[PDB]
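What follows is the residue order along each chain.
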Amino acid sequence: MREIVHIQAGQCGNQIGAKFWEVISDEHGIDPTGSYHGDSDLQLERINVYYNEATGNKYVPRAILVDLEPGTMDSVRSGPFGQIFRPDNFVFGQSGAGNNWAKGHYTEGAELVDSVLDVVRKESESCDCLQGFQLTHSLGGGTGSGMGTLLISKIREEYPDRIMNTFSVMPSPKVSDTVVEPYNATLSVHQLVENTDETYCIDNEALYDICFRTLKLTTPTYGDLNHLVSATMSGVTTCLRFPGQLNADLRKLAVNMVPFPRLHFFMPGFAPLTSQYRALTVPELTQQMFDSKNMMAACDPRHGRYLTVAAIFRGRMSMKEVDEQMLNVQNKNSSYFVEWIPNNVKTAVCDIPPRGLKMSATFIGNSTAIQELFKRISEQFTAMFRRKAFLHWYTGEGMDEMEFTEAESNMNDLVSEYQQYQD
Amino acid sequence: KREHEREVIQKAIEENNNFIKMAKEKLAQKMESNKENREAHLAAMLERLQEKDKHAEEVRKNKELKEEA
Ligand SMILES: Nc1nc2c(ncn2[C@@H]2O[C@H](COP(=O)(O)OP(=O)(O)O)[C@@H](O)[C@H]2O)c(=O)[nH]1
Ligand SMILES: COc1cc(S(=O)(=O)Oc2ccc3[nH]c(C)cc3c2)cc(OC)c1OC
Ligand SMILES: [Ca+2]
Ligand SMILES: [Mg+2]
C-alpha cells in the first residue's frame, strides 16, 4: 500500500482541496457519509492511496485541513462532503495571516505548525508504505503561502526520504486580492525550489482566461476557476488512484519528469475544457491537450522547449490511435522538445473517464517556458521592492530587507536556469 | 533555517516591546516636563503678585513715616 497524505492550507488551499475530494470521492463511489456505493471494483483497488478504511467499511480521506482562520474550514465542514473528513484533522487558528507571508511563516503560523505535524505524524504512522505528501495552497496569500511552505520545510525535516508534491496557485493581477501578492509568491517560490519534488503550477491568470476566452464567462467566480482545478487535479492523480500496467507512484514521476532538481515546476493541461454532449475523438483530445489555450500556467509552450511530458488519456478509446496522435505531435513539433532527452513523452491510458465526460486528456509538462510565469512574478515584485513599498507589513513581523533581496535573487536565478536549457 | 525562524519572531517581539517602551518613556518625559513648566509659570505669577504685596506693605510704611513728622 502506497499511501499519500493530503494537506490543504489557507482559503484557496482548502476550497481547492475540498473540491478535489468531492470530485474523486464521486469517481471512487464514496458518498458524503463515507460509504462505498459504486459498481466497479476498480474503484477500490487503490482506494487506500488517498483514503483510510474505518470501522463498518467506512472510507475517510487521508486529508489534513489547516488554516489560521476558522472561516473557510467552517464552510468545508458545512459543505457537500464536509462530514467525510476526520474531525481530528481540522487544525485551525483564530487570528489569521492577513494575506501576509511573514505571519504565516514566522509569527502566526509558528504557533500552529506543531499541532499540524502531530496530525501529519498520526496519519503517517498508520501507513504501510508512505510514498509522500501533497499540498494544495495558493502562493499569494499568507496562510497557504507562508505556513504552507513552513509546513513543507518541517515535513521534509521529519520525512526527508518522502516525496513532496504541491498544487500551487500562482497569483495574478487579473484575479487579485492584495497588492502584496508578488511579495508572498516570490517568498514562497524560493521555498518550493528547495523543498518540493513536484509542483503543479496553477496560474490564476490562465484559469481566468480559460473561463473568459474559452468557456465564455463574462464574470468568472472562484467556483468557476476551481472547476478547472478539480478537473486537472483529478487528471494528474488518475494514475495514482486507478490501476494500470504502470504501477505509478510519486517517486517514479519525479525521477522521469525532473532532469535537474530545481526545475520541477510542471505546466498542467486539460482537454476538453468544460464549464457538452458531443464525444471528442482522440485526434481532437491530443490537439487541444498541447494547445496553449488548455494550459493552466499562462505560458506559451512555443516560447520554450519541453524537457519532459506526461500525458494521461481517460475513457474507452483506441490505444493504437492514441499512440498515433501522440507520435504525430512529437514528430510534427519536434523543435519544441529537447533532442538530448530521448523518448521524453510518456502516455498512459485509463478506461474510467471523469464524471460527465466520455473522453478526456490531462497534460503534465516540464517546459522551460514556465520561466515566463516566474518572470511575470519577478517583474511585479521588483516594481514594488525597488521603492520598498508595503515592506512595513513584513518588517513589522520581524523580517529584514535582505530576505526579500535573497528571494528576488533566487527567483531570477531560477529563470536563468530555465533559460540555459532552452538553447 | 530553524535558527532564522527563531530570530525573526524574536526580532518582532523586540521591536514591539521597544515600541511600547519608547512610547511609555516619551509620555512620561512629556508629562513631567509639562508639570514642571506649568508650575514654574504659576510660581512666577505668584512671585510677581507677592512682590506687589511687598510694595504695598512698603508704600503704607512711608505714609506712617511722614504722618508722624
Ligand atoms: N483558483 C483559486 N484561487 C484562489 C481562491 N481563493 C484565493 N485564491 C487566490 O489566492 C490568493 C489569496 O490567497 P488566500 O488563499 O486567500 O490566502 P490564505 O487564506 O491566507 O492562505 C489570491 O491570489 C487569489 O487569487 C480559490 O478558491 N481558487
Ligand atoms: C503520478 O503521476 C503519474 C506518474 C506516472 S509514472 O509513475 O509511470 O512515472 C513516469 C514513468 C515514465 C515517464 N516518462 C516520462 C517522460 C514521464 C514519466 C513518468 C505516469 C503518469 O502519466 C504518464 C502520471 O500522471 C498521472
Ligand atoms: Ca498568539
Ligand atoms: Mg482571502
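Residues numbered from 1 in each chain as written, not as in the entry; some residues may be left out. Chains lettered and ligands numbered in written order. Part of a larger assembly, values for the part shown. Heavy atoms only, no water.

Per the PDB entry, chain B goes by Stathmin-4 and derives from Rattus norvegicus.

Keep this limit in mind: UniProt positions are given in the numbering used here, feature names are shortened, and annotations may be inferred rather than shown by experiment.
The PDB entry annotates chain A as Tubulin beta-2B chain of Bos taurus. We quote the UniProt Cofactor comment for chain A here in full: "Mg(2+)". Chain A has a UniProt comment under Subcellular location that states "Cytoplasm, Cytoskeleton".

## Quick look at the overall build of chain B
Quick reminder of the rule: By definition, any uninterrupted DSSP run of H or I lasting at least four residues is a helix, any uninterrupted run of E lasting at least two residues is a strand, and each is numbered from the N terminus. Atoms counted for the radius of gyration: C-alpha only. Globule rule: 2.2 Å times residue count to the power 0.38. Here the Shrake-Rupley method, with its probe set to 1.4 Å, supplies the accessible areas, and only the displayed protein chains count as covering residues. Only four residue types enter the charge count: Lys and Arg as positive, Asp and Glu as negative, with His and the chain ends excluded. By convention, charge coordinates are those of NZ in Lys, CZ in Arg, CG in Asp, or CD in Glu.
From N to C terminus, chain B includes one helix and zero strands. A compact globule built from 69 residues would reach a C-alpha radius of gyration of about 11 Å, whereas chain B, at 30 Å, exceeds it by more than 25%. Taken along its principal axes, the extent of the C-alpha atoms in chain B is 100 × 10 × 5 Å. For chain B, the exposed surface amounts to about 6800 Å²; the carbon and sulfur share of it is 55%. Side-chain charges of chain B comprise 17 positive and 17 negative groups, with the mean position of each set lying 5 Å from the other.

## Quick word on empty space enclosed by the protein
Residue and element names in this part refer to chain A. Just so we agree on the cut-off: The rule is simple: put a 1 Å grid over the protein atoms alone, call a set of points where a 1.4 Å probe fits but cannot get out a cavity, call an open set with protein on both sides within 12 Å along at least five of seven lines a pocket, and count a residue as lining if it has an atom within 4 Å of a point. Grid points are joined across faces, edges and corners, and a volume is the space filled by probe spheres set on the points. Ten residues, namely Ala, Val, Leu, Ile, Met, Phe, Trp, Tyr, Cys and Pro, are considered nonpolar, four, namely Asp, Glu, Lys and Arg, are considered charged, and the remaining ones, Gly among them, are considered polar.
For the largest cavity, the calculated volume is near 30 Å³. Surrounding the largest cavity, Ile-7, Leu-135, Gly-148, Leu-151, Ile-152, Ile-155 and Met-164 form its lining. With four residues, helix α5 (residues 143–158) is the largest single contributor of residues to the lining of the largest cavity. In terms of residue class, the lining of the largest cavity is made up of six nonpolar, one polar and no charged.

## Focus: the domain arrangement of chain A
Residues and elements named next belong to chain A. Convention followed: Domain delimitation follows an automatic or database domain assignment. Contact criterion: two residues are considered in contact whenever any of their non-hydrogen atoms come within 4.5 Å of each other. Here the quantity called buried area is the total loss of accessible area, with a 1.4 Å probe, experienced by two parts when brought into contact, counted for both. In what follows, salt bridge is the name for a side-chain nitrogen of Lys or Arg lying within 4 Å of a carboxyl oxygen of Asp or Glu.
As far as domains go, chain A holds domain 1 (2–259), domain 2 (260–369) and domain 3 (370–423). If you average the C-alpha positions of domain 1 and of domain 2, the two centres end up 23 Å apart. In this assembly, 36 residues from domain 1 lie in contact with 35 residues from domain 2. Together, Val-193, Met-257 and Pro-259 form the three largest contributors to the area buried by domain 1 at its contact with domain 2, with a combined 21%. Linking domain 1 with domain 2 are two salt bridges, by the criterion used here. Two residues, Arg-355 and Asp-26, come together in a salt bridge whose shortest N-O distance is 3.0 Å.

## Examining the site of ligand 1
Residue and element names in this part refer to chain A. Defined as follows: Residues are labelled near a given molecule or strand when at least one of their non-hydrogen atoms is within 4 Å of it. Whenever a nitrogen or oxygen atom comes within 3.5 Å of another N or O atom, the pair is scored as a polar contact, on the condition that within protein one atom can donate a hydrogen and the other can accept it, and that pairs from neighbouring residues in sequence are kept only if both atoms are in side chains.
Inspection of the region around ligand 1 gives 20 residues, with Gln-11, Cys-12, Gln-15, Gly-144 and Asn-226 positioned closest. A distance of 3.1 Å separates an oxygen atom of ligand 1 from a polar backbone atom of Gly-142. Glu-181 places a polar side-chain atom, nitrogen or oxygen, 3.2 Å from an oxygen atom of ligand 1. Relative to its free-state accessible area of 580 Å², ligand 1 is covered by the protein chains to the extent of 96%. For the shell around ligand 1, the elements supplying multiple residues, two or more each, are α1 (10–27), α5, α7 (204–214) and α8 (222–236). Among the elements that make up the shell around ligand 1, the one with the highest residue count is α1 (five residues). Residue classes in the shell around ligand 1 are distributed as seven nonpolar, 11 polar and two charged.

## Describing the site of ligand 2
All names here are of chain A. In the region of ligand 2, 18 residues are neighbours, and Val-236, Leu-246, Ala-248, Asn-256 and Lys-346 sit closest. Here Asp-249 contributes a backbone N or O atom positioned 3.4 Å from an oxygen atom of ligand 2. Interatomic distance of 3.5 Å between a backbone N/O atom of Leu-253 and an oxygen atom of ligand 2. In the complex, 94% of the free accessible area of ligand 2, which totals 570 Å², lies under the protein chains. Those elements that provide at least two residues to the shell around ligand 2 are α9 (238–241), α10 (250–257), β10 (306–314) and β11 (345–350). Here the residues of the shell around ligand 2 sort into 13 nonpolar, two polar and three charged. There are two domains that each give the shell around ligand 2 at least three residues, and those are domain 1 (2–259) and domain 2 (260–369).

## Focus: the packing of α7(A) against α8(A)
The description of two helices packed together rests on the angle between their axes and the distance between the axes. Residues and elements named next belong to chain A. Note the following rule: For helices, the fitted line uses only the C-alpha atoms of the stretch in contact; every axis is such a line through C-alpha atoms, and the angle between N-to-C directions lies from 0 to 180 degrees. An angle counts as roughly parallel when it lies under 35 degrees, as roughly antiparallel when it exceeds 145, as roughly perpendicular when it falls between 65 and 115, and as oblique in every other case.
Orientation of α7 relative to α8, taken along the N-to-C sense of each, is 105 degrees, at an axis distance of 9 Å. Judged by the angle between their axes, α7 and α8 are roughly perpendicular. Residues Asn-204, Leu-207, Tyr-208, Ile-210 and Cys-211 of α7 touch α8, and the partners they reach there are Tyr-222, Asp-224, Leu-225, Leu-228 and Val-229. A class-by-class count of the residues in the contact of α7 with α8 yields eight nonpolar, one polar and one charged.

## Quick word on the interface of chain B and chain A
At the junction of the two partners, chain B supplies nine residues and chain A supplies 14 residues. Here chain B meets chain A over a buried area of about 940 Å², counting both sides, of which 50% is carbon and sulfur. In terms of surface lost to chain A, no three residues of chain B exceed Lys1(B), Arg2(B) and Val8(B), which account for 48% of the buried area on that side. A salt bridge links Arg2(B) to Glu157(A); its shortest N-O distance comes to 2.8 Å. For the interface between chain B and chain A, the tally reads six residue pairs in polar contact.

## Some remarks on the state of the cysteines
All names here are of chain A. Convention followed: Disulfide assignment relies on a single distance test, namely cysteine sulfur atoms paired within 2.5 Å. Classification of residues uses two cut-offs on accessible area relative to the type maximum, computed with a 1.4 Å probe and protein chains only: under 20% is buried, over 50% is exposed, and between them is partly exposed.
Across all of its chains, the model carries zero disulfides over all chains by this definition. Not part of a disulfide, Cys-12 finds its nearest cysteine sulfur in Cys-201, a span of 13 Å. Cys-201 takes part in no disulfide bond, and the closest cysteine sulfur to it belongs to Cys-299, at a distance of 8.0 Å. Owing to a relative accessible area of 1%, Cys-201 belongs among the buried residues under this scheme.

## Some points on the nonpolar core
Residue and element names in this part refer to chain A. Put simply, the rule is: Residue types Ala, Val, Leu, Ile, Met, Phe, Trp, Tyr and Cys, when buried and joined through side-chain atoms within 4.5 Å, form a set referred to as a nonpolar core.
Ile-7, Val-116, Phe-290, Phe-313, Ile-370 and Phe-374 are the most contacted members of the largest nonpolar core, which totals 70 residues. No other element matches the six residues that helix α4 (residues 110–125) contributes to this core. In this view, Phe-374 contacts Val-189, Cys-201, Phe-265, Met-411, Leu-414, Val-415 and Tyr-418; residues no more than four positions away in its chain are not counted. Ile-4, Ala-18, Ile-210 and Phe-266 belong to the second largest nonpolar core, which has 50 residues in total.

## Some points on α1(A)
Basically, it comes down to this: Multiplying 1.5 Å by the helix residue count minus one yields the expected span of that helix.
Compared with the 26 Å implied by 1.5 Å per residue over 18 residues, the 25 Å span of α1(A) between its first and last C-alpha is a close match. Backbone geometry just downstream of α1(A) places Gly29(A) in the positive-phi region, at approximately 65 degrees.

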